[PDB]
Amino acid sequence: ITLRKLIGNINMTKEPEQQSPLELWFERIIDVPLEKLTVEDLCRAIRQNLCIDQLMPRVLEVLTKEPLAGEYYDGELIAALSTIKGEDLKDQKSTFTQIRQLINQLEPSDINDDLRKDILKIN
């Protein structure tokens, strides 16, 4: 399953010569199913509020293998999750709390510690 299947094409319809970097990027990953999205793509889709609901399963597996997964810096995925609004956790409300558990068990962090705090104040 892919982002096109969940939300369709949410781009304002226009020719690629008239598209912004995020509009362009979204057209490059919209047919990419969730299970293969790179880490960079995953963080950005979260940051950009792109059906975060159905992304949680993929996030849950990327972190178990590497809790500080990220492209631009270590911990970027946790940083992106910090931006979630709790209300858009519809049917994966359960999968989120599974993630919070893995996150609330760590030692090395810094300006990430407030993000980990911000994650815990969304319900």
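In case it trips you up, residue 1 is the first one in the sequence shown, and so on.
**Student:** Would 109 to 117 or 15 to 23 have the larger average of its C-alpha temperature factors, as given in the entry?
**Tutor:** Higher mean C-alpha B-factor in the PDB entry: 109 to 117.
**Student:** Going by the mean C-alpha B-factor recorded in the entry, which is higher: 83 to 91 or 65 to 73?
**Tutor:** The stretch with the larger mean CA B-factor is 83 to 91.
**Student:** Say you rank 54, 97, 49, 38 by Cα B-factor from the PDB entry; which sits at the top?
**Tutor:** In this record, 97 carries the highest C-alpha B-factor of the candidates.
**Student:** Would you mind ranking residue 7 by its C-alpha B-factor against the rest of the chain and naming the third, lowest, middle or highest?
**Tutor:** According to the entry, residue 7 has a C-alpha B-factor in the chain's lowest third.
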